[PDB]
Amino acid sequence: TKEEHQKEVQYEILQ
Amino acid sequence: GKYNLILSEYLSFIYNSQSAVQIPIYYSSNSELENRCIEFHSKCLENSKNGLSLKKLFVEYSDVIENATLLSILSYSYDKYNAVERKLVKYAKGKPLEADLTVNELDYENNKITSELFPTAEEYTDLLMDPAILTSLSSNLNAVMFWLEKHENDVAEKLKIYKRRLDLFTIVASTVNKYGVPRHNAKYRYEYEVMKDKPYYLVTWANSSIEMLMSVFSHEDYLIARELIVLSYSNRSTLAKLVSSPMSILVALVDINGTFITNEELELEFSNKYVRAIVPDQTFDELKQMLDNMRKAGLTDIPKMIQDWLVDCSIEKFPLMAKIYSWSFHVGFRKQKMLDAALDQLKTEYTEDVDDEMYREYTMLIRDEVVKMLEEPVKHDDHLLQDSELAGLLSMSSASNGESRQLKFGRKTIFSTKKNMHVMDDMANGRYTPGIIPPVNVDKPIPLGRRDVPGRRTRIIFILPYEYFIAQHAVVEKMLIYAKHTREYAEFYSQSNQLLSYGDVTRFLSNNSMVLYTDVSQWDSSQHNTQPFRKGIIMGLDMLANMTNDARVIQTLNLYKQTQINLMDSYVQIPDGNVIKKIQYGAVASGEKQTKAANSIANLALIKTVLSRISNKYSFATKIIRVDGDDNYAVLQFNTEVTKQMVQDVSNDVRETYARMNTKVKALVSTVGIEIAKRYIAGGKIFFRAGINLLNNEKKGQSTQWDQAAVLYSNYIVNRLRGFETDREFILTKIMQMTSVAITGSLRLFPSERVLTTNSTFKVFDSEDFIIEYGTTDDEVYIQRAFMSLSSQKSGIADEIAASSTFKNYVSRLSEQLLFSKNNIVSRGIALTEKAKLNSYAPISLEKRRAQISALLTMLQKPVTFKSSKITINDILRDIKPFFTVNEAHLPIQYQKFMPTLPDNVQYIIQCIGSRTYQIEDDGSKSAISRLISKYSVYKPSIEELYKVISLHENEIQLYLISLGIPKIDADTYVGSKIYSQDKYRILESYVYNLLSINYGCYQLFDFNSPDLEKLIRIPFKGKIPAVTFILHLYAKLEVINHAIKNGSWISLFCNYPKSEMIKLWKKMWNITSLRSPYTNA
Amino acid sequence: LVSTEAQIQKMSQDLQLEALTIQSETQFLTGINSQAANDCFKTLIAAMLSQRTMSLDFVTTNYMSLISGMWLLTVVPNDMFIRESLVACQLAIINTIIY
Amino acid sequence: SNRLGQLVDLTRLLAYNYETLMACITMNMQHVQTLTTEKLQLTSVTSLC
Amino acid sequence: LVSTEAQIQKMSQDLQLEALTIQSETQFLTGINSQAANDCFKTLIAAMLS
Amino acid sequence: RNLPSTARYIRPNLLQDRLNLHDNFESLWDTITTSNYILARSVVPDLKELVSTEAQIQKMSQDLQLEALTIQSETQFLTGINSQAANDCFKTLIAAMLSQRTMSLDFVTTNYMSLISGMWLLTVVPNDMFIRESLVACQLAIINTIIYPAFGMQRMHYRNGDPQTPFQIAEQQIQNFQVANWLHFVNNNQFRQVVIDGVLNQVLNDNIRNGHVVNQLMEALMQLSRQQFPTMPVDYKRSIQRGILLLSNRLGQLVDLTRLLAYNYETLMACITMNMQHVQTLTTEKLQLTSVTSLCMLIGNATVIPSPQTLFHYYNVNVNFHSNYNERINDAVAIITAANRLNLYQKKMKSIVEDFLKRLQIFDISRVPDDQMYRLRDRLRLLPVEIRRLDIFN
Amino acid sequence: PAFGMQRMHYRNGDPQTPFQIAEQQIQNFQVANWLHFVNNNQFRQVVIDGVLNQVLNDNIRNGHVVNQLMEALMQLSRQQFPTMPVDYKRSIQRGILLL
RNA sequence: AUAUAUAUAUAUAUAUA
RNA sequence: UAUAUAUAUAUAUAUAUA
Ligand SMILES: Nc1nc2c(ncn2[C@@H]2O[C@H](COP(=O)(O)OP(=O)(O)OP(=O)(O)O)[C@@H](O)[C@H]2O)c(=O)[nH]1
Ligand SMILES: O=c1ccn([C@@H]2O[C@H](COP(=O)(O)OP(=O)(O)OP(=O)(O)O)[C@@H](O)[C@H]2O)c(=O)[nH]1
């Protein structure tokens, strides 16, 4: 599994 | 030469008897050394006639061995029984492979004993297992055992190549020896009486296995060839697709560091962009299920290689993953029965609950594309649509028709199926209607044919009647012209080089972009192709019947509409047992003229709709939609950077929306690379398929062994450039058996290196790989004229048919329809086209080629004495060659390599002078008559006929031009301006640019106009004699590359070609052809 | 509703995006289906009943999605949209159509 | 602009299906800026017009 | 441009008798045909009348 | 989304380089701007929609009146007009300006088209950026071929190492006005150092952003094709009066190419954060002068402009490198200061600068000696340590 | 190039067509009299027999416009072409004389 | 006693009582 | 004092592709 994108990880700290 | 040394050790291996002798035959260009060659060849025939040796004779005639070149080697072998099995038990050490039975879903495709798979003798069809190559298994086992004794004593590195090609031979030899080597007939067809006890698929297994173990070089190759040789004995069906499965997924994992690119007008640039590879978690769950289907199939050394690569995901080790995908297609073809291939293809599930709101937009987008392709050649009444009956018939493909008809041509009656031979019969008996096309319905259905793919399930194909070609030729020839001027259809990106054509994939790839490549599971027999594809085209010919005004452009456009009404319901005629089964099949017909020009319409107009429905959720901006039949991609450029969720939610919205039109698909998206054709863009480096079966053909051909030995080598050089290294000592061993010819009983004739590698009709293999070498030495240009003298042969079948009352009634009915005049320079010019068109018939071209080779045997058993002063290509280069001065020069490595699978001696040329930037078009000028005839009439004359016209009178050129259909004021503006006089110097110069090839198997990859090849080539310039200037800068640019491939070093030429030798060569370049040039030497 | 086969053939022949001066991209007419017009009716009432701030999304290289943006701003009240998109749609209309 | 007569008739509908659905609202309709926004595509607005 | 089909036969049987070959008095150019003069005469008139 | 009131972010310390690594550190500046030359080369957008070079060489043969085929090695005008070297010259002209990596021209003197199109580099790119042993041999080759055989004067008696460039001499020795107004712009074309938004970046002149400098050039070399060439033959005139007119016919496209390069260099200049400095480097990234001819007469009508997710990535990597550079200074000055103040007289500070050249990803340890590593400590020892590290050592 | 003037910078979308901007910039009289006819060649909307149809200009039905063009195409052929080389002058003067 | 459709590139070969 | 113009020959076989 690759490292997650920086965009999808920082909507997840919000959500 | 190296090939002659492999010859004299192949004779000492296969004939280990004291009764055996070898007689070399020699020839020379010298008249003195020819009489040295006649006396030597005579004495070795008298001394070896009665038991006298040759060691006392080779010293006495050592003036001819070291100076003249070898012509052939005669072989005396008084061996009654083939000694294959006597030396097979030496290698038959291992345990024999027992076949498995639970691995296939059918019965005939399982590996059972043929006595149990076919109960009696009469129902034995070998066409499931037949290799259809003109070699045998008994000759293949002698080609490996010759190699396994030459390389027995080896050094510590080359031993491990020999050792890995031996433990893989004990798997083969201990299975063949258990049942015995099968004995073939003289037609290389394995009969039933020999395959009674042998297991079925033993010949096509051991032929595909021997091809593998002559490619095992490294230990990464041995683990693949160990787990494919053992498994391809068990499952002939599933194995080729399970290994070749994840390469469609694995192309999306590698990052892009520096990639190639092609700009809009197709030319090559280099880009440096860094794009991440973004794959969701549902790709690594779809890859684990592709690696568990490879573990249930038994193989365990391949997914250990892939799972040791998934932790890297790097382009440095991707040549290992492209090797695994390419070794999968070498297991052999998947041939199955004609009934089970159709009835599994013609079975499909339609549904009336399809979204009809999406079809009325899909029908309209086909309508607005057919009108868009023919709005210009119909509003202006074009010269080819007005002659659709003739331009479809005069240029008629002669491959096959549906049925076998008893054709009678004068006296000699023949059973033929060729398509232009059916036209000649029906135009003679009057049963040929021009405007009526026959209905393919429940009465008179469509016959079937098959095409076999090395890894895919056996597909069917449709053979329509010839009246469905004349109706569809003129309209679809106007749709291929628009497909070469549109950026979407993939007839545009179709060049010689592969970096230029498939390099527009990586133009819009960035980190805000998403590429989308989808392959429909079957493009034929889809729901969206039966009704909404025909009725979109029939509507497009209603709006085009209002564009024009003629009674003849409407009538050809009411025939191309009538072939779509008749194909909306269709029936296929497939027999089984004794019953004939008529299956209804209203879908698209792969096999029309329409099958590629309307698979680029119906798939562009489909994906223009499925890209519209996914824009309700993600707002993007599409950049290119390239479509090639089924295989298409479409780049989408977004607003944000593409993340792991926009990739997953587009792949779930293109797959589901395609399912709303009842089209079953898998939809793959990536940001780095696709798999559009079998050519794979991965990480900014194009990777190819590299699977061509050497020792297995899909069907038996119309060719002999001397031509099938050329396609064994031509399938090897393509296999080597694409990254599958087969041993050259095995390919050369397989040419010494195919080019074998048996003169009498117990006497075989073997040609030397100079008969096979020379540039003539009888060419098999090049001396050193990847390059053409025109031999300028006097012993090699002299034998080229000896081979160019017997290439003109006549076949008795084609001259018994050309003088019949039927073939003359076809030319006179075709010459009357074309020209409204009397002239015989076209009737003698049309009849020379259909005599040339009848070479597609099998016993005509076989009696051409067998009269080439049986006349070569009279030339090879004797020293050649044929002296002729013909100007050849190899005689032009004898006059240029002494004026070259070489000097060693250093040249750095500047440009980047774009294909990593290339060999080292080719990749060093690309890294120094660069991959090709643009396709060079230097074909001179077409003559001004052929722009005047091809614009009015649809008759395209040969350039040896337009020179015959010019040399006629002034008043006989004008009669010829008015004959074709040209008006009077146009021919009298031609003839009166005396531009027929200027066209003598444009026909004769059109044979110069035709001569030497900058394209080949290998020469397409390099950049010939590079500023690093123009630095080494230093030729002074002369303003006049333009023809000589081209052939100097082309032969100089080829001589440096032909040196830099063989030795890895660069040389720099200097050709101070004098003015007195240019004008001698200017008339040699104009006198290659057999027509009257005004300037000759003597 | 108006049939999709009708409105697209009037919209793709009045715009004529294929015969434009730019040929660096394949231009066709996107998103004029009967599922988005049925979805913009649901969103534009339910994000207005429950006071949930809508947000705009588009590509500014086409203008047929931007001319119809003028109808969106004149009916849906401007305090509904999140301000950094209401700006980036009003500025996108002004710098390419109005000014 | 040529679609005027069928677009006066859309906002009469878009503000009537809002007007009588708002009568079935018992909770207070307070208006503040929320964190997560329901995204609206302008390619889906050029379909409704 | 235009004439009937039989007049081509009527002009071929006397062409060798009456040598009139440069009566048309034009300098030829590549890309010049009479099927485009007949075409451009029709797409200049019929694009004006409609 | 609009972030709530309780969302915080970590501000990275982007303050310009405190070692002055361009000052006497000649080998470390060679590979700290090779690193910024490769990164800027992967961002500058690549030319799509060029004029096809088959339809451009075959129009360049109808104009020069050469029977020159597509495959003939025409070393006088038509060599090396590729398209791979058209995007390449666009990239190594933009990305060499963004990293201040000095180029080095490579050409052949007997190729008169690479000297006509070589007159366009010096009127756009400031001549303090080409290396001087290759700028002088290109300015002299233009003078002794195209300009001094125009007015018939003596060919230039130029000696090696003369402290005036051959355009700086031939504006005094020449008498014309249109080709001494252009030839004064070349001698006085320089980057203008302005500190904008905290960083120092070197903008171009405003007459190169407009493209008006080409209108100072195609007014100059239009007049140069009107001269008689008295000392030269008839054929040497009509060879290069035809060659200099291939470029004056492209005045429409060259005034659009100077606006494209100067705009593609503007918006990429905004995305950098390290203080760019104009100091001559050791190793020069070579620019073939044939590639400028492949750019001047192969482009047309198609604007390329960098899409902002390659500006937001070229910016987010010049913050991540510039904040890794600054928080490795502060991790190393905090050890050097806290070792001298703790009186560690028996410890040598080679190892704690060897870590500093190692955590910076681009340098290598097996190249730098023990004299370019102790001289570096002598600069780090004089810096003031960070406040969060000073209040915790005190 | 016939008059040796500098070739015009014609930007995209200028409101003046480049014959309407080259009758002001040219200083001849006979090729500035043909460029005035092309800039003011218009249909003349007259109603005839109750049917409004657009008759041509009266000089075009006569043929006199060709005697305005070939009077202007002759002065342009007797010019020197000062900037351009001689073979470019020979390539037009061979082609402008076939007309 | 004898079955192999269509298109696109590429290469080889051929024209004659 | 003067150094011409112009982009899709045909047929069969062979391989790559659809
Ligand atoms: N006779 C014959 N020999 C072949 C054939 N194909 C290959 N060979 C050669 O013959 C050798 C094997 O022996 P056989 O095939 O039995 O040929 P042979 O020695 O002439 O014996 P016979 O076939 O009985 O005439 C191989 O090494 C091949 O070089 C074939 O079709 N017929
Ligand atoms: O010999 C051929 C091969 C292909 N075709 C045409 O090309 C189309 C696409 O050819 P594909 O090989 O892509 O078809 P497919 O999608 O059915 O393949 P699989 O996924 O099952 O592997 C076919 O459906 C047919 O129209 C031919 O007409 N002839």
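Rules used in this analysis
Residues numbered from 1 in each chain as written, not as in the entry; some residues may be left out. Chains lettered and ligands numbered in written order. Part of a larger assembly, values for the part shown. Heavy atoms only, no water. Pairing = 2+ DSSP bridges. Helix = DSSP H or I, 4+ residues; strand = E, 2+ residues; numbered from the N terminus. Near = heavy atom within 4 Å. Polar contact = N/O pair within 3.5 Å; in protein donor to acceptor, adjacent residues only side chain to side chain. Areas by Shrake-Rupley, 256 points an atom, 1.4 Å probe, with all protein chains shown as cover. Nonpolar A, V, L, I, M, F, W, Y, C, P; charged D, E, K, R; others polar. Contact = heavy atoms within 4.5 Å. Buried area = accessible area lost by both parts, 1.4 Å probe. Core = buried A, V, L, I, M, F, W, Y, C linked by side-chain atoms within 4.5 Å. Buried < 20%, exposed > 50% of the residue type's maximum accessible area, 1.4 Å probe, protein only. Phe/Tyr/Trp six-rings, centres within 6.5 Å; stacked < 30°, edge-to-face > 60°. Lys NZ or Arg CZ within 6 Å of the ring centre and 35° of its normal.

The deposited coordinates derive from cryo-EM, with the record listing a resolution of 3.6 Å.

Trainee: Pulling in residues and values, what's your account of the pairing of strand β2 (residues 192-196) of chain F?
Mentor: All names here are of chain F. Strand direction decides the pairing type here: β2 and strand β3 (residues 199-203), joined by five bridges, are antiparallel. Bridge pairing in β3 places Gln-193 opposite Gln-202. Linking two consecutive strands that pair antiparallel, namely β2 and β3, is a turn of two residues; a positive phi of about 60° is found at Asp-197 within it.

Trainee: Just give me the short version of the site of ligand 1, but keep the residues and values in it.
Mentor: All names here are of chain B. Lining the immediate surroundings of ligand 1 are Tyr-10, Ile-14, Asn-82, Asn-142, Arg-183, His-184, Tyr-188 and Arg-748. The separation between an oxygen atom of ligand 1 and a polar side-chain atom of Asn-142 is 2.9 Å. Here an oxygen atom of ligand 1 sits 2.5 Å away from a polar atom, N or O, in the side chain of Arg-183. Isolated, ligand 1 exposes 550 Å² of accessible area, and the fraction of that covered by the protein chains is 70%. Considered class by class, the residues forming the shell around ligand 1 number three nonpolar, three polar and two charged.

Trainee: An account of the arrangement of the chains is needed here, citing residue identities and associated values.
Mentor: The two units chain C and chain E never meet; even their closest C-alpha atoms stay 20 Å apart. At their nearest point, the C-alpha atoms of chain C and chain G are still 11 Å apart, with no contact between the two.

Trainee: Account for the interface of chain F and chain B, naming residues and giving values.
Mentor: Between chain F and chain B, the contact holds 34 residues from the first and 41 residues from the second. Where chain F abuts chain B, roughly 3200 Å² becomes buried across the two surfaces, and 49% of that area is made up of carbon and sulfur atoms. For chain F, the biggest contributors to the area lost against chain B are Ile71(F), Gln84(F) and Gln309(F); these three give 24% of the whole. Between the two partners, chain F and chain B, sit 11 residue pairs in polar contact. Mapped by element, the contributors of at least two residues to the side of chain F that touches chain B are α3 (54-64), α4 (84-99) and β4 (285-288) of chain F. Residues that form the side of chain F that touches chain B fall into these classes: seven nonpolar, 18 polar and nine charged.

Trainee: How would you summarise the nonpolar core if you had to cite specific residues and measurements?
Mentor: Residues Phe1006(B) and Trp120(F) are the most contacted members of the largest nonpolar core, which totals 336 residues. Contact partners of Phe1006(B), with chain neighbours within four places excluded, come to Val906(B), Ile909(B), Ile910(B), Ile913(B), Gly914(B), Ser915(B), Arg916(B), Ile1041(B) and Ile1045(B). Residues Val354(B), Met646(B), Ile933(B) and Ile979(B) belong to the second largest nonpolar core, which totals 114 residues.

Trainee: Could you give an account of the environment of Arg450(B), naming the residues involved and the relevant values?
Mentor: Residue and element names in this part refer to chain B. With respect to the secondary-structure elements, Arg-450 resides in strand β7 (residues 448-451). With a relative accessible area of 23%, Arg-450 lands in the partly exposed category. Separated by 113 residues in sequence, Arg-450 and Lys-337 have C-alpha atoms that sit 10.0 Å apart. Ignoring any residue separated from it by four or fewer positions in sequence, one finds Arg-450 in contact with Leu-127, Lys-335, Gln-336, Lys-337, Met-338, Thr-458, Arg-459, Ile-460, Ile-461 and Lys-699. From its side chain, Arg-450 meets the backbone oxygen of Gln-336 in a polar contact 2.7 Å long. Polar side-chain contacts of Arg-450 include one of 3.2 Å to the side chain of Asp-452.

Trainee: Tell me about the packing of aromatic side chains, residues and numbers included.
Mentor: Residues and elements named next belong to chain B. Inspection of every chain in the model, using the stated rule, returns 49 aromatic pairs over all chains. Here the aromatic cluster, defined as three or more aromatic residues joined through ring pairs, consists of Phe-118, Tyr-124, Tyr-192, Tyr-200 and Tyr-201. Between the NZ or CZ atom of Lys-87 and the centre of the ring of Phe-13, over which it lies, the distance is 5.2 Å. Sitting above the plane of the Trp-147 ring, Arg-165 keeps its charged end 4.9 Å from the centroid.

Trainee: Give me the lowdown on the site of ligand 2, citing residues and values where you can.
Mentor: Residue and element names in this part refer to chain B. Taken together, 15 residues sit near ligand 2, with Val-520, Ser-521, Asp-524, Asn-599 and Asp-630 positioned nearest. In this structure, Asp-524 approaches ligand 2 through a side-chain N or O atom, which is 2.8 Å from an oxygen atom. Contact distances for ligand 2 include 3.4 Å between an oxygen atom and a side-chain N or O atom of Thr-595. Residue assignment for the shell around ligand 2 shows that the elements contributing at least two residues are β8 (459-462) and β9 (513-520). In terms of residue class, the shell around ligand 2 is made up of three nonpolar, five polar and seven charged.

Trainee: Give a detailed account of the protein's contact with RNA strand H, specifying residues and quantitative values.
Mentor: Residue and element names in this part refer to chain B. Around RNA strand H, the surrounding shell holds 31 residues, and the nearest of these are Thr-417, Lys-484, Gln-495, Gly-591 and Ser-791. Sugar and phosphate atoms constitute 75% of the interface atoms of RNA strand H, taking the interface as everything within 4 Å of the protein. Between RNA strand H and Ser-494, the relevant distance is 2.9 Å, taken from a sugar or linking oxygen to a side-chain nitrogen or oxygen of the residue. The separation between a sugar or linking oxygen of RNA strand H and a polar main-chain atom of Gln-495 is 2.7 Å. Of the residues that constitute the surface near RNA strand H, the class distribution is seven nonpolar, 15 polar and nine charged.

Trainee: So, the protein's contact with RNA strand I: which residues are in play, and what are the values?
Mentor: Within the structure, RNA strand I sits among 37 residues, and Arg722(B), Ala836(B), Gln62(F), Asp87(G) and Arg94(G) are positioned closest to it. A share of 79% is what sugar and phosphate atoms reach among the atoms of RNA strand I within 4 Å of the protein. In this structure, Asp87(G) approaches RNA strand I through a side-chain N or O atom, which is 2.9 Å from a phosphate oxygen. The side chain of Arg94(G) places a nitrogen or oxygen atom 2.4 Å from a sugar or linking oxygen of RNA strand I. Among the secondary structure elements, those contributing two or more residues to the surface near RNA strand I are α27 (710-721) and α33 (824-837) of chain B, α3 of chain F together with α5 (86-93) of chain G. In terms of residue count, the dominant contributor to the surface near RNA strand I is α5(G) (four residues). Of the residues in the surface near RNA strand I, the class split is six nonpolar, 13 polar and 18 charged.

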